[PDB]
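# pasting the first bit of my complex, frame unchanged:
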Amino acid sequence: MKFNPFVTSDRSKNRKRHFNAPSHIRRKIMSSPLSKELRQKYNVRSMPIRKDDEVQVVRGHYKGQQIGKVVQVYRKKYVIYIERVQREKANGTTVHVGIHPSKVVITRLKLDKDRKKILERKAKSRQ
């Protein structure tokens, strides 16, 4: 139950902050869980997704065994786009299907020194 009186339970205020949050808040909003072997190996629950993360989709029209690399992250639309996931238009032009990153299981992260510092802070705070 909410006990701190300086945070809202208001539906209008929560939806307002959610649909008008800036991009550095929207990065925290668009976070994705990890696979079970990768969370066993890194001791972390979830990570924010970036341009070069490999993605297995668990739910939707495309489900399972489709590990592909993402290409675009529209934080305005709360939508990542995956290279493997395709859909043809009327005129034979392919286009990427909108997938929300909360229904996204990351199988391979991107190695960077900044992400190593983030992962170390996650592991130290998870303890």
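Thanks, I have the structure now. Numbering: from 1, shown residues only, chains lettered A, B, ... in the order given.

# now the phi/psi pair for residue A:97, please.
phi -80, psi 140 (degrees, to the nearest 10).

# same question for residue A:38.
phi -80, psi -30.

# residues contacting it?
When contacts are counted by Cβ atoms under 8 Å, 6 or more residues apart in numbering, residue A:38 touches A:106-109. Quick note: C-beta positions are derived from backbone N, CA and C, even for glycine.

# residue A:113 now?
If you count contacts by Cβ under 8 Å, 6+ apart, residue A:113 has none.

# burial of the spatially closest residue to residue A:87 that is not a sequence neighbour, as a residue count?
The shortest distance from residue A:87 to any non-neighbouring residue, by Cβ to Cβ, 6 or more residues apart in numbering, is to residue A:97 (5.1 Å). Counted with other Cβ atoms under 10 Å, residues neighbouring residue A:97 total 14.

# please apply the same query to residue A:109.
18.

# same deal with residue A:46?
So residue A:46, with other Cβ under 10 Å, has 13 neighbours.

# beta-bridge partners for it, please?
For residue A:46, the beta-bridge assignment (DSSP bridges) gives partners residue A:33.

# just to check, it is in contact with residue A:32?
Yes: using Cβ atoms under 8 Å, residue A:46 makes contact with residue A:32 at a distance of 6.2 Å.

# then add chain B to what we have above:
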Amino acid sequence: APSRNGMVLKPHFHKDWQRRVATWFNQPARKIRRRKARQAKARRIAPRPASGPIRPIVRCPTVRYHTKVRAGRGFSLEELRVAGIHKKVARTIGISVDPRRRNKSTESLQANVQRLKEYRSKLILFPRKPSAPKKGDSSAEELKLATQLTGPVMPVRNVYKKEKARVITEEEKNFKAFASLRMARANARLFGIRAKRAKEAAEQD
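Below is chain B, added to the chains above:
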């Protein structure tokens, strides 16, 4: 406009009262504010007790409330001089000082003097440097407490004179009848006119 048998009503609502409506929606808000004010005072200010300065035994001026008793304001400088301490030294000790309060009664004089003796007996002071003026060792493990509640003495002290056992007595019960009040009333009404008639009888020879 009027009706059957009901009381004549004159409400004071002809003035535009709707603008000035003060409704206590913030009454628990003021309660929480004043709780936090008292708690912040007792934390940050001192180990002095809440309602810090001591109040006197005071009789209420009326023919209605003068049988009762009241916590006054200050200790009535003649009383404070009989207790024998300086004015601002008393104010820093914790004695509340009012320079206006007079003394008509030696009874109330000695009552406030004995109250000052009791407060000086119950006083435990803490100077800064350990040169020991008016202190000693760790007195009563820092006097077992820090802050008292609502006066150190409970300054009401509703005195209970009892006078239980006495024998029915002699002709006082035949002498203290109703006629004494009427005689005193008539003497108070006719105290001056009898003096004028005595002056006129002494003048006219």
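
# now that chain B has been added, could you go back to the neighbour count of residue A:97?
14 (other Cβ atoms under 10 Å in any protein chain shown).

# what's near enough to touch it?
Residue A:97 is in contact with A:61-62, A:81-82, A:85-87, counting by Cβ atoms under 8 Å, 6 or more residues apart in numbering or on different chains.

# now swap in residue B:25 and tell me
Residue B:25 neighbours (Cβ under 8 Å, 6+ apart): none.

# look up how far residue B:31 lies from it.
Applying Cβ to Cβ, to the nearest Å, the value for residue B:25 to residue B:31 is 12 Å.

# all helices for chain A, in order.
A:11-19, A:23-29, A:36-42, A:113-126 (DSSP state H).

# let me have these in a markdown table, extended by distance to residue B:87.
Below are the helices of chain A laid out as a markdown table (distance: least, Cβ to Cβ, whole Å):
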| stretch | distance to residue B:87 |
| --- | --- |
| helix A:11-19 | 59 |
| helix A:23-29 | 64 |
| helix A:36-42 | 75 |
| helix A:113-126 | 62 |
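
# tally of neighbours for residue B:74?
Here the count is done by other Cβ under 10 Å, and residue B:74 has 21 residues near it.

# not counting its neighbours along the chain, what's nearest it?
When the adjacent residues along the chain are set aside, residue B:74 lies closest to residue B:98, with 2.5 Å between them (Cβ to Cβ, 6 or more residues apart in numbering or on different chains).

# can you slot in chain C too:
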Amino acid sequence: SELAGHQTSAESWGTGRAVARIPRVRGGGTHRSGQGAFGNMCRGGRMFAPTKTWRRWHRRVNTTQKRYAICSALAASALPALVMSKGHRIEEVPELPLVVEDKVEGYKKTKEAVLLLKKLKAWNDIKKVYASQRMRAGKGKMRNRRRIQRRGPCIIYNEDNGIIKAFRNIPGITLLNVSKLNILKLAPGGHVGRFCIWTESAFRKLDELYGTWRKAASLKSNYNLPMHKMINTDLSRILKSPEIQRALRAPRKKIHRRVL
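Below is chain C, added to the chains above:
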């Protein structure tokens, strides 16, 4: 309202220009200029009886009636038929009002709380609260209340030592204190007989806090138990007693209908 539709300055026409006698906003170009002004029957107008802030909201109750309602709710919580008719699952539950030991009030983890409810068979009522946590019916979903979370058992205690932490996120439970008995928590919805779980110190402190009919309440100042209107109130026993049936006329059960 506090600032009604009286922002629009308007006057009425009168005899000629025979639309109506209602005031009309005056201007040009804008197609509102000429429409209905303030009033109850107009578009965008001042409503009838603008609900002012000085309504008589809060209602004082006599403290004797407050304590009377607390005693009535606690007495109705003891009868099994009343609480089963309110709907708590008291099938496998042991003896009425349950008194647990003093080791219960010092719980820290809520796994011990769930295990205690499973061993004291209130877990059936907690499972009913799990089974009924549906969505709010009506427009009240907009103002942050979207759950029909029905009330279950309430645990009444003293000496808070972590029992609020152990009972804090169980659905349907109610944090309730002996020195602060809430009518709104002991009898929610105006219905009596809510399932309650006491403690040793609670069940021994009730008699100290209210008293019997012999002694007064020692914790309160000037409270006694109320007058009991019917002492031995078994109406079937009274009407089947020999002293009452000795003084009856006769059983007259003939009908004597209409004769054609």
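
# please re-evaluate the contacts of residue A:97 in the presence of chain C.
Residues near residue A:97 by Cβ under 8 Å, 6+ apart: A:61-62, A:81-82, A:85-87.

# and of those, the nearest to chain B?
residue A:81 (52.1 Å; Cβ to the nearest Cβ).

# re earlier: so how do I select the buried members of the contacts of residue A:97 in ChimeraX?
The following ChimeraX line selects those of the contacts of residue A:97 that are buried, judged by 16 or more other Cβ atoms under 10 Å in any protein chain shown:
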select /A:62,81,82,85
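
# against chain C, how distant is residue B:92?
40 Å (Cβ to the nearest Cβ, to the nearest Å).

# where's that residue, which helix or strand?
In this structure, residue B:92 sits in helix B:87-93 according to DSSP states H and E.

# C-alpha coordinates for stretch A:75-90, CSV please?
Output of stretch A:75-90 as CSV, limited to C-alpha atoms (Å, rounded to 0.1, in the frame of the first residue of the first chain):
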residue,chain,number,x,y,z
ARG,A,75,10.3,6.4,-27.4
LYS,A,76,7.6,8.8,-28.6
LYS,A,77,5.5,5.7,-29.6
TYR,A,78,6.8,3.4,-26.8
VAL,A,79,7.7,1.0,-29.6
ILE,A,80,10.9,-0.9,-30.5
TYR,A,81,11.2,-2.3,-34.1
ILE,A,82,12.8,-5.7,-34.8
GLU,A,83,14.6,-6.6,-38.0
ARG,A,84,13.2,-10.2,-38.2
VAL,A,85,9.6,-9.1,-37.5
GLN,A,86,8.2,-8.0,-40.8
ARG,A,87,4.8,-7.2,-42.3
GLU,A,88,4.1,-6.5,-46.0
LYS,A,89,2.0,-3.5,-47.0
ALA,A,90,-0.5,-3.5,-49.9
